[PDB]
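J.: Just passing along the structure, written as structure tokens.
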Amino acid sequence: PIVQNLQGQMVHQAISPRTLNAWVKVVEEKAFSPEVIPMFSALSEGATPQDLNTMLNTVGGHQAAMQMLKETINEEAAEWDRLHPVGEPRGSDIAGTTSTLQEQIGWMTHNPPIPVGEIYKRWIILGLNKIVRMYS
Ligand SMILES: Cc1[nH]c2ccccc2c1CC(=O)N[C@@H](Cc1ccccc1)C(=O)N(C)c1ccccc1
């Protein structure tokens with residue numbers, strides 16, 4: 001996640017193994033109940049796309065669900081590019097596939113900012129909503 005350090009520079013703090021376990025624990029315990037959504041949000045405060053990918057990648061099994069989530073992300077990335085045919089970030093940059101941590105932090109702190117972690121979080125939550133709907 002992005003944090004303000006004591007200096008207060010805005011910098012990246014490494015994602016915690018505790019956060020990753022907490023995320024997998026909720027997915028496994030609640031079996032993609034609606035409860036997964038607020039938990040995903042609570043665990044991803046300040047997340048960069050790199051952080052979010054590391055979170056999502058720790059979910060094992062649920063291959064079909066994860067594939068659906070990836071397709072939702074791909075669709076949102078393509079829609080971003082349709083509405084932003086110039087400039088940076090690209091949709092793939094928001095999803096962290098073609099961007100670096102430094103690029104992500106730069107966009108998040110730019111003036112004006114492009115909150116790429118929040119945008120990606122929104123896309124992921126849209127994907128999670130479809131999974132939740134499907135598994136209900
Ligand atoms: C190699 C592979 N095959 C998959 C099939 C389904 C889901 C994930 C994978 C992967 C790894 C995989 O692609 N994981 C994703 C993160 C991810 C995980 C789970 C769901 C959605 C996004 C990832 O690391 N990146 C860079 C990524 C992010 C957005 C779109 C495409 C790729």
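Labels for the structure tokens follow display order: chains A, B, ..., residues from 1 in each chain, ligands from 1.
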Check every protein, DNA and RNA residue against ligand 1, keep those with an atom at most 7 Å away (counting only C-alpha atoms and all ligand atoms), and present them as a compact mmCIF listing (two decimals) with N, CA, C and O atoms, in the first residue's frame.

T.:
```
# COMPACT_ATOMS: atom_id res chain seq x y z
N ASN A 53 -2.66 -7.33 -7.35
CA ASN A 53 -2.37 -8.59 -8.09
C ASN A 53 -1.81 -9.67 -7.18
O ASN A 53 -2.18 -10.85 -7.29
N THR A 54 -0.97 -9.28 -6.25
CA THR A 54 -0.40 -10.24 -5.31
C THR A 54 -1.50 -10.83 -4.43
O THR A 54 -1.55 -12.04 -4.21
N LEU A 56 -4.75 -11.10 -5.29
CA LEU A 56 -5.63 -11.96 -6.09
C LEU A 56 -4.93 -13.28 -6.42
O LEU A 56 -5.57 -14.33 -6.47
N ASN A 57 -3.63 -13.22 -6.68
CA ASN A 57 -2.90 -14.43 -7.06
C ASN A 57 -2.79 -15.47 -5.96
O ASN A 57 -2.49 -16.64 -6.25
N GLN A 63 -10.79 -21.71 -9.94
CA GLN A 63 -10.25 -21.38 -11.25
C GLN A 63 -11.25 -20.64 -12.13
O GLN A 63 -10.90 -19.63 -12.74
N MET A 66 -11.84 -17.12 -10.76
CA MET A 66 -10.69 -16.26 -11.00
C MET A 66 -10.56 -15.91 -12.48
O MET A 66 -10.16 -14.79 -12.82
N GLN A 67 -10.92 -16.84 -13.35
CA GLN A 67 -10.89 -16.56 -14.78
C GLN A 67 -11.95 -15.52 -15.13
O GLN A 67 -11.70 -14.62 -15.94
N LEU A 69 -13.07 -13.21 -13.09
CA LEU A 69 -12.58 -11.95 -12.53
C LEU A 69 -11.57 -11.33 -13.49
O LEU A 69 -11.62 -10.14 -13.75
N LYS A 70 -10.68 -12.14 -14.04
CA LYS A 70 -9.68 -11.65 -14.97
C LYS A 70 -10.34 -11.10 -16.24
O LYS A 70 -9.91 -10.08 -16.78
N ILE A 73 -11.81 -7.68 -15.41
CA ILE A 73 -10.72 -6.72 -15.40
C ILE A 73 -10.32 -6.35 -16.84
O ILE A 73 -10.18 -5.18 -17.17
N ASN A 74 -10.16 -7.35 -17.69
CA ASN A 74 -9.79 -7.09 -19.07
C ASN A 74 -10.82 -6.18 -19.75
O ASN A 74 -10.46 -5.23 -20.47
N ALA A 95 -4.40 -2.14 -14.33
CA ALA A 95 -4.45 -3.54 -13.89
C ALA A 95 -3.07 -4.07 -13.50
O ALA A 95 -2.97 -5.20 -13.04
N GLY A 96 -2.03 -3.25 -13.66
CA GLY A 96 -0.67 -3.62 -13.25
C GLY A 96 0.04 -4.61 -14.15
O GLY A 96 1.10 -5.13 -13.77
N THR A 97 -0.50 -4.87 -15.33
CA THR A 97 0.15 -5.82 -16.24
C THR A 97 1.30 -5.19 -17.01
O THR A 97 2.28 -5.88 -17.34
```

J.: I want to know what sits within 12 Å of residue 30 in chain A, based on only C-alpha atoms, with residues of the same chain fewer than 6 positions away left out; could you give that as a VMD selection string?

T.: chain A and resid 22 to 24 36 to 37 39 132 135 to 136

J.: Need the shell around residue 99 in chain A: protein/DNA/RNA residues with any atom at most 10 Å away, counting only C-alpha atoms. Skip same-chain ones fewer than 5 positions apart. Format as an MDAnalysis selection string?

T.: chainID A and resid 49:50 89:94 104

J.: Kindly save the residues from that selection, with N, CA and C atoms included, as a compact mmCIF listing (two decimals), in the first residue's frame.

T.:
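Once everything was written out, this is result10.txt:
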```txt
# COMPACT_ATOMS: atom_id res chain seq x y z
N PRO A 49 -1.92 -1.31 -7.73
CA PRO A 49 -2.20 -2.47 -8.56
C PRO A 49 -1.25 -3.65 -8.30
N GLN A 50 0.03 -3.39 -8.06
CA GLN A 50 0.95 -4.50 -7.79
C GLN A 50 0.48 -5.27 -6.55
N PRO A 89 -2.20 6.64 -17.39
CA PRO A 89 -2.07 5.21 -17.64
C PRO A 89 -3.00 4.67 -18.72
N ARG A 90 -2.59 3.55 -19.31
CA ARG A 90 -3.45 2.69 -20.11
C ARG A 90 -4.24 1.78 -19.15
N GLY A 91 -5.25 1.11 -19.67
CA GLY A 91 -5.98 0.14 -18.85
C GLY A 91 -5.08 -0.95 -18.28
N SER A 92 -4.16 -1.44 -19.11
CA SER A 92 -3.22 -2.48 -18.66
C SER A 92 -2.32 -1.96 -17.56
N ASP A 93 -2.09 -0.65 -17.55
CA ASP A 93 -1.30 -0.03 -16.50
C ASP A 93 -2.04 0.00 -15.17
N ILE A 94 -3.35 0.29 -15.23
CA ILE A 94 -4.16 0.27 -14.05
C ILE A 94 -4.26 -1.14 -13.46
N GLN A 104 2.94 3.30 -10.70
CA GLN A 104 1.66 3.31 -9.99
C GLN A 104 1.66 4.37 -8.91
```

J.: Per DSSP on the backbone, what are the strand (DSSP E or B) residues of range 1-121 of chain A, as a PyMOL selection string?

T.: chain A and resi 2-4+10-12

J.: Do you know which residues are at most 12 Å from residue 4 in chain A counting only C-alpha atoms, after dropping those on the same chain fewer than 3 positions away, and could you put them as an mmCIF file with N, CA, C and O atoms, in the first residue's frame?

T.:
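The result, stored in selection-v6.cif:
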```cif
data_model
loop_
_atom_site.group_PDB
_atom_site.id
_atom_site.type_symbol
_atom_site.label_atom_id
_atom_site.label_comp_id
_atom_site.auth_asym_id
_atom_site.auth_seq_id
_atom_site.Cartn_x
_atom_site.Cartn_y
_atom_site.Cartn_z
ATOM 1 N N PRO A 1 0.813 -1.204 0.000
ATOM 2 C CA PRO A 1 0.000 0.000 0.000
ATOM 3 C C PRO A 1 0.842 1.248 0.000
ATOM 4 O O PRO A 1 1.993 1.224 0.425
ATOM 5 N N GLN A 7 8.530 11.178 7.283
ATOM 6 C CA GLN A 7 9.052 12.360 6.584
ATOM 7 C C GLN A 7 8.136 13.452 5.896
ATOM 8 O O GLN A 7 8.693 14.302 5.289
ATOM 9 N N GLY A 8 6.798 13.482 5.828
ATOM 10 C CA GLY A 8 5.895 12.577 5.215
ATOM 11 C C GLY A 8 5.949 12.603 3.684
ATOM 12 O O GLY A 8 5.240 13.353 2.960
ATOM 13 N N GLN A 9 6.822 11.746 3.198
ATOM 14 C CA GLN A 9 6.815 11.323 1.816
ATOM 15 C C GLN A 9 5.773 10.246 1.619
ATOM 16 O O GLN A 9 5.515 9.446 2.524
ATOM 17 N N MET A 10 5.202 10.213 0.418
ATOM 18 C CA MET A 10 4.279 9.163 0.022
ATOM 19 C C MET A 10 5.064 8.060 -0.660
ATOM 20 O O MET A 10 5.700 8.284 -1.708
ATOM 21 N N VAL A 11 5.035 6.880 -0.047
ATOM 22 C CA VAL A 11 5.899 5.774 -0.455
ATOM 23 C C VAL A 11 5.117 4.470 -0.393
ATOM 24 O O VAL A 11 4.044 4.412 0.203
ATOM 25 N N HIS A 12 5.684 3.425 -0.995
ATOM 26 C CA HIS A 12 5.077 2.106 -0.911
ATOM 27 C C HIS A 12 5.565 1.332 0.303
ATOM 28 O O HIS A 12 6.760 1.284 0.598
ATOM 29 N N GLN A 13 4.611 0.743 1.013
ATOM 30 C CA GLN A 13 4.878 -0.179 2.088
ATOM 31 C C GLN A 13 4.505 -1.560 1.571
ATOM 32 O O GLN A 13 3.451 -1.733 0.976
ATOM 33 N N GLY A 46 -5.405 1.713 0.435
ATOM 34 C CA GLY A 46 -4.129 2.225 -0.034
ATOM 35 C C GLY A 46 -3.394 1.329 -1.021
ATOM 36 O O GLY A 46 -2.279 1.634 -1.413
ATOM 37 N N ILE A 105 2.702 4.379 -8.098
ATOM 38 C CA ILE A 105 2.837 5.391 -7.063
ATOM 39 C C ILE A 105 2.868 6.783 -7.678
ATOM 40 O O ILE A 105 2.244 7.704 -7.160
ATOM 41 N N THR A 109 0.095 9.798 -6.927
ATOM 42 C CA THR A 109 0.558 11.009 -6.245
ATOM 43 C C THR A 109 0.680 12.220 -7.173
ATOM 44 O O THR A 109 1.050 13.316 -6.734
#
```

J.: Could you tell me which of A:108, A:15, A:6, A:20 comes closest to residue 59 in chain A if we count only C-alpha atoms?

T.: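 Selected residue with least distance to residue 59 in chain A: A:20.
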
J.: When DSSP is applied to the backbone of this structure, which of range 14-125 of chain A are assigned helix (DSSP H, G or I)? Write them out as a ChimeraX atom specification.

T.: /A:17-30,36-43,49-57,63-83,91-94,101-109,116-125

J.: Between A:114, A:2, A:61, A:98, which is the closest to residue 47 in chain A once you count only C-alpha atoms?

T.: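 Result for the nearest residue to residue 47 in chain A: A:2.
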
J.: Would you compute the distance between CA of residue 80 in chain A and CA of residue 65 in chain A? Give it in Å to one decimal.

T.: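 Taking CA of residue 80 in chain A and CA of residue 65 in chain A, their separation equals 22.6 Å.
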
J.: Interatomic distance between CA of residue 76 in chain A and CA of residue 28 in chain A?

T.: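 Taking CA of residue 76 in chain A and CA of residue 28 in chain A, their separation equals 26.0 Å.
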
J.: Given only C-alpha atoms as the basis, pick out the residue of A:121, A:112, A:128, A:101 nearest to residue 35 in chain A.

T.: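 Under the stated criterion, the closest residue is A:128.
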